[PDB]
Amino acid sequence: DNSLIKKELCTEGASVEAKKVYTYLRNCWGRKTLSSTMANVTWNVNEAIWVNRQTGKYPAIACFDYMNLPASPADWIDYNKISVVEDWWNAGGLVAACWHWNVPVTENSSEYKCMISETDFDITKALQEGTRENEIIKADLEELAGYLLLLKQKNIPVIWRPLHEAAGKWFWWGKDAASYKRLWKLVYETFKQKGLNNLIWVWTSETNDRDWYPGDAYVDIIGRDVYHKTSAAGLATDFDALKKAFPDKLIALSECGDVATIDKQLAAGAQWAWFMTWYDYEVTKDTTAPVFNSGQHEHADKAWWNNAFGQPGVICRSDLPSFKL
């Protein structure tokens, strides 16, 4: 029974494809779990290709990262070149994106980071009109809205997960809950101003952090990021806690590495809407290097993925229905 899960996206006039994707996810709730991989760093499906070469199947969802706004467009990274994203969608896969929001390490720096230990960027100043920090984030949102509009123009919906792990307090946007929620609302309202109706909004919870929750008007799905947790009972306890906290929303395992196998998690009752393994930089950065074939992987290796795909409840790319017209 999925009747508790809200039926409509929080976005007024959401795109036809985004509604189809959301409806399918809602229909899968409690029955199936989608598989997902992260890009190697930002803008490729190298980890999806790796999983196929390890297992014979592709993950359902491929995720991309808009982290490289400061350098793009550039010869080595150009978010205007959306062919990698179109190709994956046109091969029948679902598209996701997150955003490590990189900001100057200090005033006038040419180096950009997101962790609080590596940048003194102040969110309080970023929300004050016209400060250096405010003009920076407004210019980033303006550039990113342009990139996402290229996908909306192509009728590609995006499972969109910005500003993640806020209550872990290790990113610059996790200074305090009140400014965090103002920043989320600013992103949401900016993207609405630019007509981005193709986004399904995923808010990443640290559990027990309702004061950081941006609110029902700005969130569609709840995400949870978990590393180094090999007790399946522990993961199911987290799953059930999030379910009690947000009874009307899908709950996903939006990042994971070094976690119990999916069969153990499902047996324990953790029925995530999807799981996405993080990328292993050295293994998948080059699909033609010998390391690409080893099967070893810092977050989920060949055995883990072969176990996941051997489960009835797990959806691979070929199991998905069509989300086009």
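Residue positions are given as counts along the sequence shown, with the first one as 1.
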> Do the CA atoms of 116 to 124 or those of 221 to 229 have the higher mean B-factor in the entry?
Replying inline: 116 to 124
> Of the two stretches 198 to 206 and 237 to 245, which shows the higher Cα B-factor on average in the entry?
Replying inline: 237 to 245
>> Comparing recorded Cα B-factors across 155, 72, 254, 109, which one is largest?
In response: 109
> Highest CA temperature factor in the entry: which of 162, 146, 93, 215?
Replying inline: 215
> What third of its chain, lowest, middle or highest, does the C-alpha temperature factor of residue 301 fall into?
Replying inline: lowest
> Taking the C-alpha B-factors as the PDB entry records them, is residue 65 in the lowest, middle or highest third of its chain?
Replying inline: middle
>> What third of the chain does residue 59 rank in for C-alpha temperature factor, lowest, middle or highest?
In response: lowest
> Once the chain's modelled residues are ordered by C-alpha B factor and cut into thirds, is residue 291 in the lowest, middle or highest one?
Replying inline: highest
> Which third of the chain holds residue 105 when residues are ordered by C-alpha B factor: lowest, middle or highest?
Replying inline: highest
